[PDB]
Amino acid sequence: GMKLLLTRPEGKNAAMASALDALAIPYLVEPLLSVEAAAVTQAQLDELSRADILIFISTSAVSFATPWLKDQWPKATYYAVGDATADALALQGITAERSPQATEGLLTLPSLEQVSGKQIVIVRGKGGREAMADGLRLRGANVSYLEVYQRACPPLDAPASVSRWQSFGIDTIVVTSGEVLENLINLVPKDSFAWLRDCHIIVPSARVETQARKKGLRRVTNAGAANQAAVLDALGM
């Protein structure tokens, strides 16, 4: 019967693996999305000593900043978005005020109301918009970013991976975002597109189903959400 490929980031596949263990459904785990270290310059490290405020937007921001900042954390006021982020800072010896947990919640904190001329550093992943930080710019803060990680597809030997999947008998692939789907389609060589096109692809949304179908994939089931209950239901469990 069905044999599944699970593709969430390293560390995020155990719950689904366990459900499949219970059901005796064969599967392989191959993360197709990762966070990895981004470049930081000496000038950026040096500038951090003039920061008034550091804002951490994720647990990855803490984890990937730690190699740069361990035992030399700036003497600043710290903020954290989400409990996991706060816990991570606490483990590094830092007490950070939390989003009271959306990033934009920070713009309701009394302590960030008056920030004109303050040096504020947003520790975050590379790319995308940061509307909360745009609010601080609007308030007159001198805002910069310390982009300590970036999203990537993990380094994979694509031929060796696709071969393993085919030999194993993978026929169902679960993707939990449009980015993962793009990484999958770009990883699979042109002459194996036919094989991928014949796999049953479970996607998290109708938007991503459209993305998959606009790429020529034909056996695509929208689960409605990326969560495990929704995905299992999509597979008939």
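The first residue of the sequence shown is number 1, and the count goes up from there.
The modelled chain breaks between residue 100 and residue 101, where 1 to 3 residues of the deposited sequence lack coordinates.
Note on 87-95 vs 158-166: mean CA B-factor is higher in 158-166. For the pair 196-204 and 64-72, the mean B factor over Cα atoms is greater in 196-204. Taking the PDB entry at face value, the top CA B factor among 150, 144, 116, 77 belongs to 116. Sorting 176, 172, 186, 59 by the CA temperature factor given in the entry leaves 186 at the top. Per the PDB record, residue ranking by Cα B-factor puts residue 110 in the highest third of the chain. When the CA B factors of the chain's modelled residues are split into thirds, the value for residue 140 lands in the middle one.
Among the modelled residues of its chain, residue 33 has a C-alpha B-factor that falls in the middle third according to the deposited record. The PDB entry assigns residue 39 a C-alpha temperature factor belonging to the highest third of its chain's modelled residues. Among all modelled residues in this chain, the alpha-carbon of residue 15 has a temperature factor (C-alpha) in the highest third.
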